[PDB]
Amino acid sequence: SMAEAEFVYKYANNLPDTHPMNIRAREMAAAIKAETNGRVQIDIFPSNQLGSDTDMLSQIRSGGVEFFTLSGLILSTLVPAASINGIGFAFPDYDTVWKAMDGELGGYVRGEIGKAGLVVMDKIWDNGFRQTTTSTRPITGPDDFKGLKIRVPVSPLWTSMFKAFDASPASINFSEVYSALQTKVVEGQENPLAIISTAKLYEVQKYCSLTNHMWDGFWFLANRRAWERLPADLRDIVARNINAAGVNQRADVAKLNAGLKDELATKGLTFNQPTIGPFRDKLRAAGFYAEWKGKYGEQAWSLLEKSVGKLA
């Protein structure tokens, strides 16, 4: 038989194999294997094949897997600073997002991730600005969130935000979301359009409300020991290829989130665009911005403010 590659590394993720994350990860793995002359093989385990997000967070820490893409908000139980990009209504556009995440704010978060003992690639991958879906009624204003049994990912930031909206959040890994919606364990969830599409959540929801309540992405994490075990030449090749795949993935995801509404509207989702201001007002009145300013500290909060104020 053919000898195994010297380094056979596992990359786990939580998304469908049809999402740009996985399309680009497959291109990335092929490029890496060729460029390292067969020395590095990245085996990809999409859509929670090896386990759920909370499981994989444990595994990237312990070395059970070598690579894992993860929202900073989920990561934030280990790295408290890493939820900072998810502050409600903070970023007005992608322009400010990438300048921040590829600039000083992202540098700050990456440094915090390093302090916790993980490696993280320079470029965060996209997920997108998040919308709401339900099987009950549309969300036209913040009053409609009262009592809503809404699924959220496991994170203090998501819990805080949806409690501030007077909803009843349930913390559930993405792997259980389709079934939880289908069976009405929960009444709704929130995610970018590209997720609603690729995970077919339109099959098990009726309404999509464009609440546009945060932007979030996926840090590309590496187990530190496994990263350091790669010789320097291979490390450089792997890092370059992961970041290149990320840049392409961002471009793919931006196009999907910009254009998917019309397609989703003919697949079993009825859309509405609520007026956004009252939602931001509700988070303010609930003390959400004051809470998180306190938790992140003045320096980090000032860095977030600097980041979102850009006009270009």
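Residues carry their position along the shown sequence, with the first being 1.
Looking at mean Cα B-factors across 141-149 and 200-208, the upper value is held by 141-149. Comparing 2-10 with 301-309, the higher mean C-alpha B-factor in the PDB entry belongs to 2-10.
Of all the options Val253, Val65, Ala285, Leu57, the entry's greatest CA B-factor is assigned to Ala285.
In the deposited coordinates, the residue among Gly268, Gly246, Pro46, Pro274 with the greatest CA B-factor is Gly268. Sort the modelled residues of the chain by CA B factor and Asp216 lands in the lowest third.
When the modelled residues of the chain are ordered by C-alpha B-factor, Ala226 sits in the middle third. Ranked within its chain, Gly128 lands in the lowest third, by CA B factor from the PDB record. Placement of the Cα temperature factor of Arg240 within the chain: middle third of the modelled residues, per the deposited record. In the deposited entry, the Cα temperature factor of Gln189 places it in the lowest third of its chain's modelled residues.
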